[PDB]
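Beneath this line is the structure, given in structure tokens, with notes to follow.
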Amino acid sequence: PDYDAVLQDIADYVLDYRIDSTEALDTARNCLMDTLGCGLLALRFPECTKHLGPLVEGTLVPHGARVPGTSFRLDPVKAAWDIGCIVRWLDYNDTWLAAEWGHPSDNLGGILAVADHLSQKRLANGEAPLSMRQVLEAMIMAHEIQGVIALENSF
Amino acid sequence: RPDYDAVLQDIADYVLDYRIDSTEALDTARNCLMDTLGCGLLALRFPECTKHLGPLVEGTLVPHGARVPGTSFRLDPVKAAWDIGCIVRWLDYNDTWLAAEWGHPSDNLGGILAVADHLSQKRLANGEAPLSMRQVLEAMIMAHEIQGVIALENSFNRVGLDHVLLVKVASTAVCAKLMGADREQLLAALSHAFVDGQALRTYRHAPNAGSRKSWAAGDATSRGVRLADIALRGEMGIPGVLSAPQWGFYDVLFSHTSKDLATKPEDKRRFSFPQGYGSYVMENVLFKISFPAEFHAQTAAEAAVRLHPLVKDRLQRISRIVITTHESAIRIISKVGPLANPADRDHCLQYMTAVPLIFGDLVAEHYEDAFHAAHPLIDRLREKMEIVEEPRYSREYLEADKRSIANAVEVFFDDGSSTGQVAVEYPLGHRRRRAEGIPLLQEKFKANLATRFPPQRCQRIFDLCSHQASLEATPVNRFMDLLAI
Amino acid sequence: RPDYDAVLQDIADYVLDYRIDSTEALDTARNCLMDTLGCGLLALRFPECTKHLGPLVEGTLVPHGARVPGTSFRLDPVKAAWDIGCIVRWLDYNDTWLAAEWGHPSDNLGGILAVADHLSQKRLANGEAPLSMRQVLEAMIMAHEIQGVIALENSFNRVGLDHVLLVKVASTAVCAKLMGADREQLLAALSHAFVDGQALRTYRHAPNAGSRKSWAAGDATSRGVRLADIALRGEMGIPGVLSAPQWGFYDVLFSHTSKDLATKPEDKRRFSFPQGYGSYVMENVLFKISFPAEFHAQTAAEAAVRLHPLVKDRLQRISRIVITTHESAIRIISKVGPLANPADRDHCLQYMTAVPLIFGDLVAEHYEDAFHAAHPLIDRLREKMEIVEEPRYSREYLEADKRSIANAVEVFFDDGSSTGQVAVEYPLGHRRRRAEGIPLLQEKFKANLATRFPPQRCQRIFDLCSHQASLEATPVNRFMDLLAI
């Protein structure tokens with residue numbers, strides 16, 4: 001059996017869509033800023049900070065992903081947990097009101113940890129690293145997938 | 001803000017206060033540990049399995065990291081639990097609990113082993129004493145009990161959820177205990193396991209079946225570790241997670257039947273229990289030590305091996321074969337027609353009774369496609385089989401006293417006579433044949449050790465697992481050192 | 001203080017100055033690389049092999065460490081070369097050179113890959129370009145040539161020494177080249193390989209044979225890496241290591257035959273050569289791609305599978321089987337009488353001729369005492385087998401334009417009739433059948449890859465190894481990335 005159509009449409013958009021919107025790229029930049037400042041503010045709150053860091057103190061991850069405002073250096077899965085945790089902790093980040101409510105800047109967690117770790121690994125292999133343009137584009141796509149499914153489907 | 005729902009309090013007070021006093025529970029816990037580890041070493045021969053194992057970032061150094069049996073990995077306990085529970089379930093040779101829900105409680109060994117290994121290395125480095133394999137075995141018993149007892153009357157198959165959420169629930173509780181949780185931390189943890197997403201079981205059913213059927217359990221026991229660790233970091237719990245109207249587990253996930261979308265009756269919209277938590281599940285667990293066959297047909301095949309020398313001579317002159325069986329076996333494994341893959345012969349009671357009648361044994365190569373074609377007699381004997389339902393066999397299947405999987409076979413020749421009806425009520429992995437099974441289970445263990453370790457090492461490993469008192473006193477870290485690589 | 005012995009200078013000037021542009025050499029080296037790596041991956045299923053692998057101290061971290069294919073190990077290049085050489089040789093499925101000395105030049109890939117992987121990574125970490133796989137192919141060709149050309153006319157088993165010293169010398173040479181050695185450092189490195197100790201071959205001969213016959217080569221290419229590294233650290237050389245009176249290699253180790261402790265005539269107390277170094281060995285190398293049998297019997301087993309449909313149902317009418325063969329097969333694998341283990345059957349021409357004559361095939365399963373006993377026709381036919389030397393076959397076995405390995409089989413019946421004589425002079429893994437052999441070599445690589453990697457990784461590896469120009473331009477570190485875990 002073939003994949004359900006919904007999954008085909010997400011995949012074809014993700015792999016084939018060329019972003020041509022100067023406004024989407026400029027807003028994604030301001031969204032990066034806003035979301036990151038939100039994450040930095042959350043580090044004043046111990047109920048948030050008690051979740052951050054490595055599962056085992058003293059773990060060393062080669063080319064580990066960083067968490068903004070901290071000294072942590074982790075695998076992307078945990079770094080993404082921490083980053084998404086701090087930028088959403090105080091409920092100040094961006095919002096999408098539709099059939100389903102949400103905060104699509106939450107995906108910056110997975111985006112930033114994976115881009116940071118991958119960039120370091122490409123540098124160590126002599127290749128060029130990822131540019132922030134590729135995170136701005138990945139935020140536009142993550143916003144799009146979450147927010148468009150949100151238009152008429154309420155969970 | 002309510003108290004924690006009564007189901008959670010019950011799990012938490014068993015886990016914290018129950019004192020295990022069953023020599024038999026501790027003895028089959030040891031046998032289960034042997035059998036489960038041997039299934040995991042075996043799985044290291046399969047690339048589809050090993051592609052999941054190891055650190056998420058190559059070269060990761062983890063102080064006092066958890067070991068994965070048969071590998072050189074050293075991980076945090078969350079990924080080590082993923083890996084250990086992955087391999088021990090991959091080939092579906094580990095222990096089985098047949099109830100309202102089906103499951104494999106030895107799956108919870110992923111979380112137990114990983115957390116105990118890492119905690120023991122850490123306390124040893126602090127000048128404290130390590131944990132003992134005795135504490136692993138008791139964790140095994142309690143996890144079996146939580147998963148098996150909920151399984152007794154509550155079916156998640158019928159609400160379209162996979163059984164791995166009982167792995168998650170049990171692993172959370174028993175890993176929170178090993179980590180030192182007080183009652184309030186343990187309750188928070190359980191509550192997060194029930195608020196968590198619960199996997200569908202789409203990957204167990206054609207035409208979408210896939211290898212996730214083989215690692216769902218490692219993934220859930222891993223998530224138990226992580227959720228336990230969140231509770232030990234002090235995260236608040238969710239007291240009404242089951243009972244809350246509109247938002248609670250019961251209303252959202254346990255109130256509708258999957259086959260028809262029908263709402264369940266209001267009284268059936270809750271977990272029901274026929275007994276409390278003890279050590280019943282481990283004492284009564286089923287081991288896969290006999291012929292490779294579906295469990296409802298194991299006694300049938302054993303009967304067909306006893307009847308083999310009698311009907312070896314007069315195979316051609318056969319007119320009728322009666323297989324007296326129990327109800328569940330009829331619904332589940334009685335198939336009439338053709339079987340165009342080994343998975344169909346796997347679940348055909350008539351096929352698993354026919355082949356051992358003809359040849360005197362049932363091995364993995366009897367289910368092969370080409371082996372079927374080469375023997376037309378197999379299909380001819382299946383035609384002459386009629387499946388009779390004994391009303392005591394079926395009621396004794398559901399009896400807590402007995403938990404039988406009984407089958408009787410008798411073949412009538414065309415001349416008018418027949419072999420006596422040979423009835424086997426208890427398969428070789430059952431509680432009631434444990435004396436006879438333990439040799440088989442040890443043989444299977446030693447075969448599985450030999451696929452990963454050299455002779456010297458295999459003997460040292462089996463020697464340690466042979467001896468209850470010596471094994472129980474062994475530091476968990478010194479046990480894991482012996483199982484590494 | 002003399003110059004270096006001329007043999008050493010000839011090896012060095014070849015290693016430093018000879019340019020490799022032979023299209024066929026480079027294509028067969030790429031097939032050699034596939035076949036060797038797939039052999040090693042298969043060995044990871046064998047604990048007697050894997051018990052030797054990994055760091056000497058568990059948990060050691062090596063920055064820019066060399067990788068062992070199919071494992072998660074990251075080692076220094078000396079231990080890495082040991083493990084790679086150990087695994088690719090373990091099952092005796094890798095390539096072969098039959099001459100005055102027999103050997104498996106692909107054993108040197110252990111030293112080549114480990115050095116080239118480590119050095120690419122270290123060079124990347126200092127902003128230097130890494131090594132390319134083109135360089136490992138060229139190092140293989142040179143290592144094949146140094147070993148296989150010395151083996152043309154110099155027999156070391158006749159002096160009672162293992163042939164593995166030729167692995168040490170060749171691996172020393174090409175690893176010193178890869179490490180950047182100049183002529184004086186390469187000469188010193190070569191001189192330390194000859195002055196070094198040269199293993200006996202006790203472990204290859206009953207009643208003392210054992211599993212060091214499988215890892216002697218890995219041990220020798222590892223030692224070559226170590227001596228190359230000693231030379232690059234600037235250690236002075238030993239110029240008359242071979243020809244020094246009393247203390248030199250010639251007088252001490254190449255001066256006596258070990259059959260009779262008899263001294264050689266003076267003119268034969270040194271190495272002899274029929275040609276210089278080029279790309280001859282790799283172009284004419286032998287692959288094991290057909291039946292799993294000793295090389296002297298592969299054309300015998302082939303000539304029998306041909307004869308199988310003509311006899312498949314007249315087995316009790318066979319009265320005389322004539323096997324026309326060459327002098328080396330008679331001497332090494334012609335055995336009458338009982339065969340104790342599979343090793344006997346593995347090295348018994350009559351067995352490897354009788355089984356295919358009966359079952360149209362030959363696989364490892366046939367070397368099983370269980371299969372042997374199950375069919376008494378093997379020995380009935382073995383007792384009917386007349387072995388005859390063909391003078392031509394023995395001559396063409398030796399001639400450098402042919403390197404035949406020839407077996408003609410003829411089957412006679414009790415009524416006086418016969419099949420023809422089926423002659424196969426060249427096995428499938430021979431240069432003269434490259435066209436047909438390469439399909440089989442590639443399928444053999446694909447199967448072996450699949451015992452270790454899941455399907456998409458298997459596809460990436462096969463696809464990359466398939467394209468000469470693409471593989472050649474691949475950095476060694478990135479090639480080794482694909483083979484980890």
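The way I read the labels, and the way they are meant: chains A, B, ... in the order of the structure tokens, residue 1 as the first residue of every chain, and ligand 1 as the first ligand shown, with later ones counted on from there.
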
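When DSSP is run on the backbone, the residues of chain A that fall into strand (DSSP E or B) are residues 60, 65, 66, 73, 74, 96 and 102 of chain A.
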
I need the residues from that last selection saved to file as an mmCIF file, in the first residue's frame (with N, CA and C atoms), if you can.
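Result written to part.cif:
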```cif
data_model
loop_
_atom_site.group_PDB
_atom_site.id
_atom_site.type_symbol
_atom_site.label_atom_id
_atom_site.label_comp_id
_atom_site.auth_asym_id
_atom_site.auth_seq_id
_atom_site.Cartn_x
_atom_site.Cartn_y
_atom_site.Cartn_z
ATOM 1 N N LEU A 60 30.164 13.848 27.629
ATOM 2 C CA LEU A 60 30.768 14.656 26.580
ATOM 3 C C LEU A 60 30.285 14.158 25.232
ATOM 4 N N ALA A 65 25.269 19.820 20.306
ATOM 5 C CA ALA A 65 24.438 21.003 20.118
ATOM 6 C C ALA A 65 24.382 21.807 21.415
ATOM 7 N N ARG A 66 24.406 23.137 21.278
ATOM 8 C CA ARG A 66 24.367 24.067 22.400
ATOM 9 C C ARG A 66 22.934 24.467 22.748
ATOM 10 N N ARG A 73 26.304 21.145 26.274
ATOM 11 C CA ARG A 73 26.706 20.639 24.968
ATOM 12 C C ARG A 73 26.244 19.186 24.911
ATOM 13 N N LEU A 74 25.231 18.903 24.087
ATOM 14 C CA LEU A 74 24.437 17.683 24.195
ATOM 15 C C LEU A 74 24.152 17.080 22.822
ATOM 16 N N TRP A 96 -0.429 30.968 17.024
ATOM 17 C CA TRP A 96 -1.265 30.729 15.858
ATOM 18 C C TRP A 96 -2.647 30.360 16.371
ATOM 19 N N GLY A 102 -1.887 27.120 19.009
ATOM 20 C CA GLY A 102 -0.539 26.585 19.101
ATOM 21 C C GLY A 102 0.523 27.663 19.108
#
```

Distance-based interface of chain B with chain C, 10 Å, counting only C-alpha atoms, as a PDB file with N, CA, C and O atoms, in the first residue's frame:
```pdb
ATOM      1  N   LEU B  44      21.313  -9.813  18.068  1.00  0.00           N
ATOM      2  CA  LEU B  44      22.470  -9.095  17.534  1.00  0.00           C
ATOM      3  C   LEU B  44      22.944  -9.656  16.200  1.00  0.00           C
ATOM      4  O   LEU B  44      23.830  -9.061  15.565  1.00  0.00           O
ATOM      5  N   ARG B  45      22.386 -10.776  15.760  1.00  0.00           N
ATOM      6  CA  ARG B  45      22.651 -11.280  14.422  1.00  0.00           C
ATOM      7  C   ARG B  45      21.789 -10.635  13.351  1.00  0.00           C
ATOM      8  O   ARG B  45      21.997 -10.933  12.172  1.00  0.00           O
ATOM      9  N   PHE B  46      20.859  -9.748  13.706  1.00  0.00           N
ATOM     10  CA  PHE B  46      19.955  -9.180  12.710  1.00  0.00           C
ATOM     11  C   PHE B  46      20.215  -7.688  12.467  1.00  0.00           C
ATOM     12  O   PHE B  46      19.948  -6.861  13.353  1.00  0.00           O
ATOM     13  N   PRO B  47      20.700  -7.302  11.282  1.00  0.00           N
ATOM     14  CA  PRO B  47      20.903  -5.865  10.987  1.00  0.00           C
ATOM     15  C   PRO B  47      19.706  -4.955  11.230  1.00  0.00           C
ATOM     16  O   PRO B  47      19.908  -3.805  11.646  1.00  0.00           O
ATOM     17  N   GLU B  48      18.474  -5.407  10.959  1.00  0.00           N
ATOM     18  CA  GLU B  48      17.312  -4.546  11.183  1.00  0.00           C
ATOM     19  C   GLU B  48      17.204  -4.142  12.637  1.00  0.00           C
ATOM     20  O   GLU B  48      16.641  -3.090  12.953  1.00  0.00           O
ATOM     21  N   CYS B  49      17.709  -4.984  13.532  1.00  0.00           N
ATOM     22  CA  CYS B  49      17.725  -4.697  14.962  1.00  0.00           C
ATOM     23  C   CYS B  49      18.921  -3.823  15.354  1.00  0.00           C
ATOM     24  O   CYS B  49      18.731  -2.757  15.940  1.00  0.00           O
ATOM     25  N   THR B  50      20.149  -4.249  15.016  1.00  0.00           N
ATOM     26  CA  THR B  50      21.352  -3.546  15.467  1.00  0.00           C
ATOM     27  C   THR B  50      21.473  -2.131  14.899  1.00  0.00           C
ATOM     28  O   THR B  50      22.198  -1.312  15.469  1.00  0.00           O
ATOM     29  N   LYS B  51      20.779  -1.820  13.801  1.00  0.00           N
ATOM     30  CA  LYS B  51      20.827  -0.471  13.260  1.00  0.00           C
ATOM     31  C   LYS B  51      20.245   0.552  14.224  1.00  0.00           C
ATOM     32  O   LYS B  51      20.481   1.754  14.052  1.00  0.00           O
ATOM     33  N   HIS B  52      19.469   0.106  15.213  1.00  0.00           N
ATOM     34  CA  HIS B  52      18.898   0.988  16.220  1.00  0.00           C
ATOM     35  C   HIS B  52      19.808   1.207  17.422  1.00  0.00           C
ATOM     36  O   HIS B  52      19.507   2.062  18.250  1.00  0.00           O
ATOM     37  N   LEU B  53      20.896   0.470  17.553  1.00  0.00           N
ATOM     38  CA  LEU B  53      21.579   0.432  18.834  1.00  0.00           C
ATOM     39  C   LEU B  53      22.699   1.473  18.898  1.00  0.00           C
ATOM     40  O   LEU B  53      23.178   1.961  17.880  1.00  0.00           O
ATOM     41  N   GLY B  54      23.099   1.818  20.123  1.00  0.00           N
ATOM     42  CA  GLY B  54      24.289   2.614  20.343  1.00  0.00           C
ATOM     43  C   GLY B  54      23.995   4.074  20.637  1.00  0.00           C
ATOM     44  O   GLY B  54      22.839   4.494  20.737  1.00  0.00           O
ATOM     45  N   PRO B  55      25.040   4.888  20.771  1.00  0.00           N
ATOM     46  CA  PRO B  55      24.817   6.295  21.108  1.00  0.00           C
ATOM     47  C   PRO B  55      24.158   7.032  19.960  1.00  0.00           C
ATOM     48  O   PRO B  55      24.364   6.710  18.790  1.00  0.00           O
ATOM     49  N   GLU B  58      27.937   9.301  17.772  1.00  0.00           N
ATOM     50  CA  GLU B  58      29.157   8.501  17.825  1.00  0.00           C
ATOM     51  C   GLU B  58      30.218   9.227  18.635  1.00  0.00           C
ATOM     52  O   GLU B  58      30.343  10.452  18.563  1.00  0.00           O
ATOM     53  N   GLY B  59      30.960   8.465  19.436  1.00  0.00           N
ATOM     54  CA  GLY B  59      32.005   9.019  20.268  1.00  0.00           C
ATOM     55  C   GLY B  59      31.525   9.627  21.562  1.00  0.00           C
ATOM     56  O   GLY B  59      32.346  10.187  22.305  1.00  0.00           O
ATOM     57  N   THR B  60      30.226   9.551  21.860  1.00  0.00           N
ATOM     58  CA  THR B  60      29.734  10.075  23.129  1.00  0.00           C
ATOM     59  C   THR B  60      30.368   9.306  24.283  1.00  0.00           C
ATOM     60  O   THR B  60      30.450   8.074  24.252  1.00  0.00           O
ATOM     61  N   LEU B  61      30.878  10.039  25.268  1.00  0.00           N
ATOM     62  CA  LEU B  61      31.443   9.462  26.482  1.00  0.00           C
ATOM     63  C   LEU B  61      30.449   9.697  27.611  1.00  0.00           C
ATOM     64  O   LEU B  61      30.101  10.850  27.884  1.00  0.00           O
ATOM     65  N   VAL B  62      29.990   8.614  28.249  1.00  0.00           N
ATOM     66  CA  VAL B  62      29.052   8.705  29.374  1.00  0.00           C
ATOM     67  C   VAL B  62      29.683   8.175  30.658  1.00  0.00           C
ATOM     68  O   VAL B  62      29.910   6.964  30.776  1.00  0.00           O
ATOM     69  N   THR B  71      27.273  -6.070  23.596  1.00  0.00           N
ATOM     70  CA  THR B  71      27.847  -4.959  22.798  1.00  0.00           C
ATOM     71  C   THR B  71      28.961  -4.280  23.572  1.00  0.00           C
ATOM     72  O   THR B  71      29.205  -4.651  24.694  1.00  0.00           O
ATOM     73  N   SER B  72      29.584  -3.303  22.944  1.00  0.00           N
ATOM     74  CA  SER B  72      30.656  -2.526  23.593  1.00  0.00           C
ATOM     75  C   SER B  72      30.149  -1.130  23.946  1.00  0.00           C
ATOM     76  O   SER B  72      30.961  -0.320  24.323  1.00  0.00           O
ATOM     77  N   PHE B  73      28.836  -0.921  23.898  1.00  0.00           N
ATOM     78  CA  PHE B  73      28.240   0.380  24.158  1.00  0.00           C
ATOM     79  C   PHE B  73      28.184   0.702  25.650  1.00  0.00           C
ATOM     80  O   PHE B  73      28.055  -0.177  26.514  1.00  0.00           O
ATOM     81  N   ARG B  74      28.187   1.994  25.929  1.00  0.00           N
ATOM     82  CA  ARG B  74      28.149   2.524  27.283  1.00  0.00           C
ATOM     83  C   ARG B  74      27.363   3.827  27.191  1.00  0.00           C
ATOM     84  O   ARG B  74      27.852   4.821  26.660  1.00  0.00           O
ATOM     85  N   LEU B 449      23.906 -17.996  24.221  1.00  0.00           N
ATOM     86  CA  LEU B 449      25.198 -17.440  24.655  1.00  0.00           C
ATOM     87  C   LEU B 449      26.288 -17.718  23.628  1.00  0.00           C
ATOM     88  O   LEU B 449      27.051 -16.818  23.255  1.00  0.00           O
ATOM     89  N   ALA B 450      26.362 -18.957  23.152  1.00  0.00           N
ATOM     90  CA  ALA B 450      27.337 -19.427  22.147  1.00  0.00           C
ATOM     91  C   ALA B 450      27.320 -18.577  20.872  1.00  0.00           C
ATOM     92  O   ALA B 450      28.360 -18.495  20.240  1.00  0.00           O
ATOM     93  N   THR B 451      26.208 -17.942  20.518  1.00  0.00           N
ATOM     94  CA  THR B 451      26.194 -17.098  19.296  1.00  0.00           C
ATOM     95  C   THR B 451      26.936 -15.765  19.491  1.00  0.00           C
ATOM     96  O   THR B 451      27.265 -15.178  18.490  1.00  0.00           O
ATOM     97  N   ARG B 452      27.218 -15.357  20.727  1.00  0.00           N
ATOM     98  CA  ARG B 452      27.894 -14.075  21.031  1.00  0.00           C
ATOM     99  C   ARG B 452      29.232 -14.249  21.765  1.00  0.00           C
ATOM    100  O   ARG B 452      30.101 -13.487  21.460  1.00  0.00           O
ATOM    101  N   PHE B 453      29.366 -15.186  22.712  1.00  0.00           N
ATOM    102  CA  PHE B 453      30.616 -15.314  23.468  1.00  0.00           C
ATOM    103  C   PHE B 453      31.339 -16.592  23.109  1.00  0.00           C
ATOM    104  O   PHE B 453      30.760 -17.544  22.644  1.00  0.00           O
ATOM    105  N   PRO B 454      32.645 -16.631  23.398  1.00  0.00           N
ATOM    106  CA  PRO B 454      33.424 -17.821  23.240  1.00  0.00           C
ATOM    107  C   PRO B 454      33.155 -18.750  24.443  1.00  0.00           C
ATOM    108  O   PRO B 454      32.637 -18.314  25.447  1.00  0.00           O
ATOM    109  N   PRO B 455      33.529 -20.040  24.321  1.00  0.00           N
ATOM    110  CA  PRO B 455      33.271 -21.086  25.322  1.00  0.00           C
ATOM    111  C   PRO B 455      33.580 -20.732  26.785  1.00  0.00           C
ATOM    112  O   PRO B 455      32.685 -20.838  27.539  1.00  0.00           O
ATOM    113  N   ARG B 457      33.955 -17.844  28.320  1.00  0.00           N
ATOM    114  CA  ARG B 457      33.009 -16.801  28.764  1.00  0.00           C
ATOM    115  C   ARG B 457      31.596 -17.367  28.932  1.00  0.00           C
ATOM    116  O   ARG B 457      30.996 -17.069  29.914  1.00  0.00           O
ATOM    117  N   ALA B 484      29.344  -7.744  28.872  1.00  0.00           N
ATOM    118  CA  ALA B 484      29.773  -6.787  27.833  1.00  0.00           C
ATOM    119  C   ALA B 484      30.677  -7.403  26.769  1.00  0.00           C
ATOM    120  O   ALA B 484      31.661  -8.016  27.106  1.00  0.00           O
ATOM    121  N   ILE B 485      30.275  -7.199  25.519  1.00  0.00           N
ATOM    122  CA  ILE B 485      30.975  -7.527  24.244  1.00  0.00           C
ATOM    123  C   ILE B 485      31.019  -9.025  23.909  1.00  0.00           C
ATOM    124  O   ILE B 485      30.929  -9.334  22.684  1.00  0.00           O
TER     125      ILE B 485
END
```

Can you measure CA of residue 142 (chain B) to CA of residue 129 (chain B) for me? One decimal in Å is fine.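 Spanning CA of residue 142 (chain B) to CA of residue 129 (chain B) is a straight-line distance of 22.9 Å.
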
Between CA of residue 83 (chain B) and CA of residue 117 (chain B), what is the spacing in Å?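 Pair CA of residue 117 (chain B) / CA of residue 83 (chain B) returns 13.8 Å.
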
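Chains of identical sequence, chain B and chain C give a C-alpha root-mean-square deviation of 0.9 Å after superposition over all matched alpha carbons.
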
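The environment of residue 185 (chain B) within 10 Å, counting only C-alpha atoms and disregarding residues fewer than 4 places along the same chain, consists of residues 12, 173, 176, 177, 180, 181, 189, 190, 191, 228, 229, 230, 231, 232, 233, 234, 235, 236 and 237 of chain B.
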
Set the distance at 7 Å and use only C-alpha atoms: which residues neighbour residue 420 (chain B) once local chain neighbours fewer than 2 positions away are removed? I'd like the list as a VMD selection string. chain B and resid 410 418 422

Write a file of the selected residues as a PDB file, in the first residue's frame, keeping C-alpha atoms.
```pdb
ATOM      1  CA  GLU B 410      -6.798 -38.692  18.074  1.00  0.00           C
ATOM      2  CA  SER B 418      -7.492 -45.489  15.957  1.00  0.00           C
ATOM      3  CA  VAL B 422      -3.560 -38.398  23.838  1.00  0.00           C
TER       4      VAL B 422
END
```

Contact residues (chain A, partner chain B, 10 Å, only C-alpha atoms) as a ChimeraX atom specification: /A:1,47-48,50-51,54-64,74-77,117

Near-residue 103 (chain B) list (9 Å; only C-alpha atoms; drop same-chain fewer than 6 positions) as an NGL selection string: :B and (95-97 or 147-148 or 151 or 163-164 or 166-167)

Among region 2-131 of chain A, which ones does DSSP assign to alpha helix (DSSP H) (computed from the backbone)? Answer as number ranges by chain. A: 5-16, 22-42, 46-49, 76-89, 108-124

Fewer than 4 positions away in the same chain doesn't count, so skip those; otherwise give me all residues within 10 Å of region 15-20 of chain C, counting only C-alpha atoms, as number ranges by chain. C: 9-11, 25-26, 137-139, 141-143, 146, 170, 173-174, 176-177, 180-183, 186, 277-279

Shortest interatomic distance to residue 104 (chain A) - which of A:84, A:129, A:46, A:53, counting only C-alpha atoms: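 Counting only C-alpha atoms, the residue closest to residue 104 (chain A) is A:84.
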